[PDB]
Amino acid sequence: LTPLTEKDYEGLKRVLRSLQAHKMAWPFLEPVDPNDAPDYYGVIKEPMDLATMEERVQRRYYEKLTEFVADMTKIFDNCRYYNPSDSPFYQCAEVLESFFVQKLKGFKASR
Ligand SMILES: CN1CCC[C@@H](Nc2cnn(C)c(=O)c2Cl)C1
């Protein structure tokens, strides 16, 4: 639609910080450690995590909201692809994605 403004970036920071404070965000705060899953980086071609997104927000990496949403969606898509549906990581991804949608709707409403 329209490119992100400085005021949009304040809203992105608020959304990201809300995700980072969520109780079920613990699997996604930092990159997957190869010890957590030895074949992870051979299976997942574009890893993503919230610390990486935080660095990108601080550097003003994102020009459009769709790019920020795409990175967030990678976090959850990676998790559901690698893990079976009974895994605690998978369950966390389901909870946090629905929370992100709720926060995303609020962000778009405030624009
Ligand atoms: C660093 N941090 C430590 C706790 C959990 C881990 N997150 C994982 C680990 N393994 N797998 C398979 C995953 O999908 C995720 Cl999100 C990342």
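Along the sequence shown, residues carry numbers from 1. No hydrogens, no waters, no symmetry mates; every other heavy atom, side chains included, goes into these values.
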Under 3.5 Å, sequence neighbours excluded: what are the donor-acceptor pairs made by side chains of residues 47-57?
unit_1	atom_1	unit_2	atom_2	d
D49	OD1	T52	OG1	2.7
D49	OD2	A51	N	3.0
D49	OD2	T52	N	3.0
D49	OD2	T52	OG1	3.4
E54	OE1	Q20	NE2	3.0
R56	NH1	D71	OD2	2.9

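The minimum heavy-atom distance between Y41 and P31, with the atom names listed, is OH-CB, 3.9 Å. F89 approaches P27 most closely through the heavy-atom pair CD2-CB, 3.7 Å. Closest non-hydrogen pair, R111 versus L1, comes out as NH1-CD2, 3.8 Å.
Considering NE2 of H22 and SG of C92, their distance stands at 9.5 Å, rounded to 0.5 Å. From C79, atom SG reaches atom CD of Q91 across 10.0 Å, with rounding to the nearest 0.5 Å. Distance NZ/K23 to CZ/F99: 6.0 Å, rounded to 0.5 Å.
With respect to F100, the side chain to side chain contact (heavy atoms under 4.5 Å, CB included) criterion is satisfied by exactly one of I75, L19, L16: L19.
In this structure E10 satisfies the salt bridge (charged side-chain N to carboxylate O under 4.0 Å, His left out) test together with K13, sequence neighbours excluded. With sequence neighbours excluded, the residues that form a side chain to side chain donor-acceptor pair (under 3.5 Å) with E94 are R80.
Not a single donor-acceptor pair under 3.5 Å links the side chain of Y62 to the backbone N or O of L12. Side chain of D77 to main chain of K74: no donor-acceptor pair is present (N/O by atom type, distance under 3.5 Å, no hydrogens or angles).
Both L104 and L4 are part of a single hydrophobic cluster, where members link through side-chain heavy atoms under 4.5 Å apart. One hydrophobic cluster, built from ILVMFWY side chains closer than 4.5 Å, cannot hold both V101 and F68; they sit in different ones. Cluster membership check: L96 shares its hydrophobic cluster with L29, using side-chain heavy-atom separations under 4.5 Å among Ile, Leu, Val, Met, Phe, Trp and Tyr. Under a hydrophobic-cluster definition in which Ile, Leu, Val, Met, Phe, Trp and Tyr are linked whenever side-chain heavy atoms come within less than 4.5 Å, directly or via other members, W26 and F76 are assigned to different clusters. Under a hydrophobic-cluster definition in which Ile, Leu, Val, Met, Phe, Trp and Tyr are linked whenever side-chain heavy atoms come within less than 4.5 Å, directly or via other members, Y90 and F28 are assigned to different clusters.
Judged by distance alone, the side chains of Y40 and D33 never bring a donor and an acceptor atom under 3.5 Å apart.
Residues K103 and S18 meet the side-chain proximity criterion, which asks for heavy atoms closer than 4.5 Å.
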Worked check of side chain to side chain contact (heavy atoms under 4.5 Å, CB included) between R17 and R14 | CA-CA 5 Å; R17 290 192 307 252; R14 172 202 256 88; 4.1 Å; yes
